[PDB]
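This document starts with two versions of one protein chain, written out as C-alpha cells and named structure 1 and structure 2.
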Structure 1
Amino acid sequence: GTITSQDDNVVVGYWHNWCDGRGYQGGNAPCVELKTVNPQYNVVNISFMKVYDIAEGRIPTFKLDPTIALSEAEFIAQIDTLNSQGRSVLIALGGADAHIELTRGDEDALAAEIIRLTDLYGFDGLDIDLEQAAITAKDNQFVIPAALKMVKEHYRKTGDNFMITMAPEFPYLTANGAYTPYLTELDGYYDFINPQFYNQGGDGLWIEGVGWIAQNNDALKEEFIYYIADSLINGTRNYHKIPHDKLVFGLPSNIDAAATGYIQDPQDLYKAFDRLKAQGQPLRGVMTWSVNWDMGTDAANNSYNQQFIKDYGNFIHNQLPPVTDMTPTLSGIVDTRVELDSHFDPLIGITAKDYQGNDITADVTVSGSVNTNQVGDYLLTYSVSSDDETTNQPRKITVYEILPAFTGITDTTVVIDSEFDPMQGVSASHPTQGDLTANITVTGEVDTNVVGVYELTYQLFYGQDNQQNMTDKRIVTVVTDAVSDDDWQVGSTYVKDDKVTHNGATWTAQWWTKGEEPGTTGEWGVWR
C-alpha cells in the first residue's frame, strides 16, 4: 500500500502493459498478471508511462491495457500484494518508440501527474527509460530531472523513499553522452541505474591486451561484462561513474527479448561479477527485459519457462548486502585553454554534491595555480570531502597565445604623381588586444614622381611591451599615364617608318618586316 523501496540486491524485471508481443526470433510474449511474476523479481517495472493521446497534451501518463483483463481495482490489488511481500513496483517512463517532448515549465505538471499515479496505483518509484529521440527531444533533459527532484522531495517529507532508477542504453553513458544530464542532475536522488547492455550490436570498448570487446561477441561476453562494468563503476575509459552499489546489469531474458545482447552461457556473468567482487566492487544486481519474455514462448511454441530467473535469481540474491559508496561528486572539471594574460578563476563552473545530492560546492578546495602571464600547461587538483570520504580530480589548464592579423597589405599599382599613403587600407588586430593599427611601422618609401617598383616592409609590433613582431611585404608599382607606340608583335607586318615599343625602347622599321624582333637585327638590320 505504501512506498516499498529496496535496500538489498535487486533483480529487476519489466512488465508489459500489452499482450502478445512479437519476438526478435518470432516468439511470443503474453501479457501476464502481476501476481504470477516470480517472487525473486523484487523490482517489477510497469511498462510504460507515455503520451497516449496528444489530444490530452504533452504530459505523459499511464493507462492500463484493458485487454490484460485486469480491472483498475484488481491491478491496484496485485501491486498491493507485491508490496505486502516487500517487493517494489515502479512505473517505467518511455519505452522504445514512445514520444515524449516536454518544454521547460512542464515540470510542475509532470511532477503532479507522477504523484497522482503513484498515490492512485501504489507505485514505489519511477524508471527513466527514454530511448532514441526522446532522450534529447525539446527540453526533456531539463524537465524530467526537475519534475523528479520535486517528486523525491514530496515523498521525503512524509518519510518515504520514492525510488528513481534509469535504463539508458549503455553507449549513452559516456562522459559527455546524451544521458549525462540525467545522471548529474539526479546524482543523490537515484537509487540505482540499470543500463541496457543489449540491442547495440557491435558497440563496446577497446581494452589493452584484449582488443575490441563488442556487446554482440559471444566469445568475449565475460570480458564485455567485466570491463564495461569496471569502467562504469570507476568512471574510466570514457564512461560516467555509477557507483557499484548503484549499478544493475541490464539484460535480455532470451533471444526473442532483444536483437543482440543475450548471454548464452551464464557462467560468463557469474565470473564477471565475481571478478568485480574480488576487486571490492560488487554490483547491485541484474535487470531484464522482461518478465513476460521470461514467461513466453519461442517460435516453436516452446515455453521459455523462467530460464532467466533460473540462471540469475539465486546467484544475485545470495550476495552480501550492498555497502554504500558515500564518496562525494565533483562536476564541471574539464581541461580548459586560457589566453595569455586573461583572468582565470579556478572555481568558475565547478560544483559538488555529497552522496545524497546536497550541494557542497563551497566545500571544494583547489591545489596548484595558473600563471596566465606565461604560456604552458598548469595542473590543478580539486578536492572535496563529505561523510568521511574525499573525492579528488585533476584539471589541466593550458595558457596559449594567438597571432594577430594584418589586413590590406596587397601589391598595388598607382599612377605617376598621385598621392600615396602607405597606411591607407592597412590595419592589424588581435582577439584580446584589439586594434593594432598604431603598432605598424613601414620600412621603405614610394616615390610617385618616378616610374618603377617600390618595395615596402610592414612590421607589426605587439604583445607585452611590443616585443613580438610580425612582418609582411608589399610591392607598389608607379606607372606612367603617358601612352606610347604599340607593342611589337611577332605575328604582325610592319613597313618603313612604322614605330613599335619593345623591351623598353621605341624602334622604327627601315623596310618591310614580319617576325623580326627589335634589338636582334644588329647594326644595319630592319629595326633602328
Structure 2
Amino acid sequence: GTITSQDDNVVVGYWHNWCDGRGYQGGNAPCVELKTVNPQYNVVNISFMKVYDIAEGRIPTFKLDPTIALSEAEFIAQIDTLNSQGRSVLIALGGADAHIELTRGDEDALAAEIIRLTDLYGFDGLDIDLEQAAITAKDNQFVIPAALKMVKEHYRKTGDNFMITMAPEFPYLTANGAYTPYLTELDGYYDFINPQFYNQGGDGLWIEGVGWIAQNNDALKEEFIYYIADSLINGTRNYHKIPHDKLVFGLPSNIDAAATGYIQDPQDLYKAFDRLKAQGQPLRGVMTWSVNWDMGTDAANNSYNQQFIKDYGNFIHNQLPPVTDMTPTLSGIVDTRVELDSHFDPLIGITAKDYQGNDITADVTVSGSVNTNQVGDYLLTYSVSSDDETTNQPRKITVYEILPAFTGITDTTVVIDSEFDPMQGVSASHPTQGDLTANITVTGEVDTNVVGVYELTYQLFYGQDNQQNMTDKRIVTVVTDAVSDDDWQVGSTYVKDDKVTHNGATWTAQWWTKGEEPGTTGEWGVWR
C-alpha cells in the first residue's frame, strides 16, 4: 500500500517487536502478527526504531525480531493488508534503552534513514516516543525535529501526508519543559500528540478549585482526565498548548502494561471526554501501550482477551470528525528586566506562526510602551491574527536602577606631618555610567600637623544632571611619631619613679604599685 493517514478519531495501539514481555504484575505479553490486531486499532505503532549497535554509528534504525515468525516480505505484506483496510502503521522512534544520542549534522542522515525505512516497509509515519535520557540527550532536541521537517516535506512533494505523532510522558508538557522544542519546531507538522498519562505515580496537577489531582488516584480519574486535558487544550495551568483536535489520551491497556495509570472504571473516561465535548473541545482519541498487552495473559495465565478495545473502541470511533483549532501562536515572550536608560526593542526575539506552522512574525503587533528613562513597570501586549483567529500575550517590562559603589573609603591612620590626599586610592563606579571618580566630593579636611581624629564625608553625584547622590564617611586618625612611656597595665608591678602613659597623661609612681589606675589615686596617692 501507499501513505495512509487518518482524518477522523484514532485509537492508537503499540505493537511489540519482541516476544513474551513480562508485566508489571507478573503477566505475559506474547508477540502477535500484525494481521491479528483488532480492526478498531486504526493506528498501530511498530515499537521501536532505535540504535541497535553503536558500532553501526549514531543513526537509529529498525530491525524486525525474526522470532515473531514474520519474514521481512511477510511483514511488509501485513502492513499492506492494514493499509488496504484504511489503517495506519507508524514507526515508533525511541523506547527504553534506545541509545539515541544525536549530534548536530546528523539530521540529514536521520531523515534519509527514515525515508528509506518508510519506503521499504510501507510505514505511514513516525511517533516520537523518546525515553527520559533521550528527550534531552546531546542534540536530540535539534536533530530529530530538523530531520522530521525534511521528511514531512519530502512526502508532501509527492502529495502524501507522512504522519508525525509524539508520546511524551505528561509531566514533560509544562510550558517550559523538555518537550518544548519538539512541539514548537514541529508545530503544524505533527498530526496529533498521544501523551502517556501513566507510569508517573503521584505526579499530577493542582486545580485552584478542588486541589491536588494525581495520576494514580483512582477515586478521581474522571477529574484527572478532564483537568489535564482541559489544561493542555487551552494551554493553561502551566501546560504547553496541544489543540483538542490533536490530543489523544494515552493509557495502559491493563495493570500488567504499566506500573500506574490504568483506568479501573471506563465510565471515568467516557464522562471526562463527554465533558470536554460539552465545552466544544472534543478530543481526538485514545492510545494504549499496547496491543500485545490487550492480547496477553495475567499472572494466573488468564487471558486479558481485548478488554481495552472492548472498553474504548466503539466509544472513540462513534464520534464526529475533528474540527480544526486554527488559532495562531506567539513565541519568545518572557517578562524582561531592563537597566534604566538602555535601548529596548519590543520585537527582538519574538516570533509567530499560523496553525500550519507558517511564519507570520511580520504580522505581530504590539500595544503599550516602554519608557526606559523612568524606573518602573510597563505592560506590553503582543497580538497576531490569521485564519480568522487571534492570539495575544502580555509581557511585563520592568525598568530598574543599580546604585553606584565607592571604593577605597576606609578608615586609616597616618603619621604626623605626612601628606594626605583625600582621593588617593578612592573611586566610584556604576555599571552603565562607568568611572564616576570625577563626580566625588570630599567634606572635611585632615590636618596632618595636628594629632587627632578627622572625619571626612565623601559625596558622589550621579545620574541625569548629577541629581542623584550617595554618601559615605571615613575617619582619618593622625598619630604621633614620637616615642612615649609605655601604657600602664592593671597587672604590672611598678617601682618608685617608674613612669607610664594612661588616659593621655604621663604619670610617675611614688612607690611600689600593682593594679591602681593612674588618675584614681587622688591628690596624695601612688601616681602623680
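Between two forms, the rigid core is defined as the largest C-alpha subset superposing within 1.5 Å. Numbering runs along the sequence of structure 1, starting at 1.
The rigid-part assignment of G159 coincides with that of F62 in the two-part motion between structure 1 and structure 2, each C-alpha going to the superposition fitting it better. Relative to the superposed core, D268 has its Cα moved 0.4 Å between structure 1 and structure 2. Relative to the superposed core, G452 moves its CA by 3.0 Å between structure 1 and structure 2.
Superposed on the core, the two forms differ at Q393, whose C-alpha moves 1.5 Å between structure 1 and structure 2.
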